[PDB]
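Before any comments, here is the structure.
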Amino acid sequence: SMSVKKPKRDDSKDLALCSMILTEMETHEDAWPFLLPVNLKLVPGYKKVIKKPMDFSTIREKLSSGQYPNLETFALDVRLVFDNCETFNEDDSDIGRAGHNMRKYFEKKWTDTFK
């Protein structure tokens, strides 16, 4: 509350660490569905069904240009990429499997880096 602060967690390496995690996701072999925005002219249903499209390149731009206020807002966008995938793709599809694999990969790196 006013003049009463919890001890200061060092957040000064978070930008760099999130960049590193993002790099590891960009270079995973199953990142291909997620590297670029879905082409909303060429994929029927995508625009209407997926209210908040997200992809790795868009996340990379936001990170590089100070559009994440903190590491939680970063993790929200990465989870959004995998939540969207689950919404639009059957679990038993190559894309659907890719998404489950990537989410598992992300969450481990996130826990190990910050928890």
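As a convention, Cβ positions derive from the backbone with ideal geometry for all residues, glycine included, and neighbour counts pool all protein chains shown. We did not get these values from a lab; they are worked out from the coordinates using the rules stated.
A few notes on this one:
- For residue 76, neighbours were defined as the other residues whose beta-carbon sits under 15 Å from its Cβ, and their charges (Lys and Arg +1, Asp and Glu -1) total -1.
- Label point of residue 6 set 7 angstrom out along Cα-Cβ; within the range 60-85, amide nitrogens under 14 Å from it belong to 71-72.
- Difference of contour (0.36 nm per residue) and Cα-Cα distance, residue 36 to residue 15: 5.4 nm
- Across the chain, the relative contact order, built from alpha-carbon pairs under 8 Å that are at least six residues apart, equals 28 percent.
- Radius of gyration over Kirkwood radius for the chain, both on Cα atoms: the Rg/Rh ratio is 1.04.
- Using the Cβ of residue 9 as centre and a radius below 13 Å, the other residues enclosed give a net charge of +1, where K and R count +1 and D and E count -1.
- Here the dipole of the chain is about 620 debye; that uses its Cα centre as origin and unit charges on the Cβ of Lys and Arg (positive) and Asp and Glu (negative).
- Residue 67-residue 114 FRET efficiency (beta carbon distance; Förster radius 25 Å; 0.05 resolution): 0.80
- Surrounding net charge for residue 50, when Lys and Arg each add one and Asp and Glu each subtract one, Cβ distance under 15 Å: +2
- Among 69, 85, 102 - extreme Cα towards positive end, dipole of the range 59-115, charges at beta-carbon: 69
- Karplus-based coupling profile of the range 69-76, in residue order and whole Hz: x, 7, 5, 5, 5, 4, 4, 4, with θ = phi - 60° in 6.51 cos²θ - 1.76 cosθ + 1.60 and x standing for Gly or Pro.
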